[PDB]
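What follows draws every value from the coordinates through simple rules; no lab data is involved. Don't worry about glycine lacking a Cβ; one is built from the backbone with ideal geometry, like all the others, and counts go over all protein chains shown.
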RNA sequence: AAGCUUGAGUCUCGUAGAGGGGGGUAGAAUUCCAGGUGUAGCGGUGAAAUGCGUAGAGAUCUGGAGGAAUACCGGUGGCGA
């Protein structure tokens, strides 16, 4: 139950939800928060108004692990992809590294051609 | 019929091309397969709701299977009947 004080964090932001995880370098998820957790419907869940109020709800999910130094990984296009990071910095945590890992389309299967209006 | 070539043709040394055929040859995610870490959320629309989820989802990792097409350069561009 001593604090670990060092680790990693993973950010996901899609066009329909922001999902943030505080992780371990072994690939474990230690605590999580979702922007649909604020009760908001549809693409609201991808805005800073939703993503900025998931960060300290994610810091609450590791309250017995104890955090201080974090290395961040970020994926997805959603607007909330950085306000959730600044809100976590403003919670009293210190970012050791920031890296973007958003995929570049490879094969991609089938796209909308043929796109909804 | 006899006579020609400066109509037509083939070629010495050489030129580009997503053309065809046969071979290959390489990578990614939705998926599937066996599990961990973990808690109530996920999914989605102009609005919502069936539905996925506590049988432990979504997501995040380990090791692995499956199928298709060939990102970038790529255009002011080539080739092919």
Quiz prompt | Answer residue from segment A:96-114, given it is away from RNA strand B (no atom under 11 Å from the Cβ) and surrounded by 10 or more Cβ atoms within 10 Å (Cβ to Cβ) and is farthest from residue A:81 (Cα to Cα) among those | solution = A:96
Quiz item: When you go through A:92, A:66, A:27 one by one, which is the residue that is within 14 Å of residue A:7 (Cβ to Cβ), more than 10 Å from RNA strand B (Cβ to nearest atom) and out of contact with any strand residue (DSSP E or B) (no Cβ under 8 Å at 6 or more places or on another chain)?
Solution: A:66
Self-check item: Lone qualifier among A:33, A:54, A:59 - being over 9 Å from the mean Cα position of the chain (by Cα) and in contact (Cβ under 8 Å) with a residue 24 or more places away in the chain
Solution: A:59
Quiz prompt | Hits in segment A:39-54 - residues which are within 17 Å of residue A:21 (Cβ to Cβ) and either out of contact with any strand residue (DSSP E or B) (no Cβ under 7 Å at 6 or more places or on another chain) or surrounded by fewer than 19 Cβ atoms within 10 Å (Cβ to Cβ) (or both) | solution = A:52, A:53
